[PDB]
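Below is one structure, written out as structure tokens; the observations come after it.
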Amino acid sequence: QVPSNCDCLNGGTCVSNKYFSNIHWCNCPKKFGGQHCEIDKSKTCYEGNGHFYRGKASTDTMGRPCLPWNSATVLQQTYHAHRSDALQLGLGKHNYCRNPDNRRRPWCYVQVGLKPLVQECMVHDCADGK
Ligand SMILES: *[C@@H]1O[C@@H](C)[C@@H](O)[C@@H](O)[C@@H]1O
């Protein structure tokens, strides 16, 4: 143990609070990591929660390409390319995943056997799949 009101690496930043007796925290870049932030990683596949998102992730949390919002199936669902608020998320002619409702990760109407179920399009990891 090394009570130093902080502990990072790779030249991290040793910070410490004083308005609560002791509320410090390793001050390392968000792209850092490694126990005490000893690596220059770069985790950030969605600065938001999935509201807009502008990457390439088009599959769901399984791998399927998910159904586009123009697939009559999703048209039968709710948030597709023919509801009334799809113009706010631009769902028509496109796929990826949208989260205009109440959810943390971006989901997409992906066919789940016989009913396009919204699945938080797994958007984790983003480095050549490795
Ligand atoms: C910790 O403090 C911050 C403000 C930056 O100077 C970092 O480079 C440093 O490690």
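Here, residue 1 is simply the first one shown, and the rest follow in order.
Per deposition record, solution NMR.
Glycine is treated like the rest: Cβ placed from N, Cα and C.
The disulfide bond recorded by Swiss-Prot for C8 reaches one of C6, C14, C26; that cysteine is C26. Among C97, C126, the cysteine that Swiss-Prot records as disulfide-bonded to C121 is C97. Record source Swiss-Prot places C45 in a disulfide bond whose other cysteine, from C108, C126, is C126. Within the set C6, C28, Swiss-Prot assigns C6 as the partner of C14, by disulphide bond. Swiss-Prot records O-linked glycosylation site for one of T13, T73, namely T13. A 10 Å radius around the C-alpha of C108 (disulfide bond) takes in these disulfide-bonded residues out of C6, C8, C28, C97, in sequence order: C97. Across the fold, the C-alpha of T13 (O-linked glycosylation site) and the C-alpha of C28 (disulfide bond) stand 6 Å from each other.
Among the disulfide-bonded residues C6, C14, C28, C126, the residue whose Cα lies closest in space to that of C97 (disulfide bond) is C126.
Taking the disulfide-bonded residues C8, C37, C97 in turn and counting surrounding C-beta atoms within 10 angstroms, the largest count is reached at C97.
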